[PDB]
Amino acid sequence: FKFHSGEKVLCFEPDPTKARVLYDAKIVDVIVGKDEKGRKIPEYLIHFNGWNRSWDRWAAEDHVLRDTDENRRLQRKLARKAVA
């Protein structure tokens, strides 16, 4: 699908109760999964750079951004919000 194993990406904080920020991350595994209505949807196991594997989280495509100038800009912008 949109991202592939090995790919370096940006990924949203997987924990809802925490500041919405973007972490540098890596696709560890992809997996065809299934929506509530049985449609094939991809799932992505994500590794958070600089944290060890025990921090790896399953995330929906929604939650994973391409490592792009524009997404990096969005990273910095969310990073400032969270500190302030």
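Start at 1 and count along the sequence shown; that's the residue number.
Chemist: Mind checking which third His63 falls in for C-alpha B-factor across the chain?
Modeler: Tercile = middle for this residue's CA B-factor.
Chemist: Compare the C-alpha B factor of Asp15 with those of the other modelled residues in its chain, then answer lowest, middle or highest third.
Modeler: For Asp15, whose C-alpha B-factor we compare with every modelled residue in the chain, the answer is the highest third.
Chemist: Comparing against every modelled residue in the chain, figure out the third that the C-alpha B-factor of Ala84 lands in (lowest, middle or highest).
Modeler: For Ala84, the deposited C-alpha B-factor lands in the middle third.
Chemist: Classify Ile46 as lowest, middle or highest third according to the C-alpha B-factor given in the PDB entry, relative to its own chain.
Modeler: Its C-alpha B-factor, which the entry lists for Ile46, ranks in the lowest third among residues of this chain.
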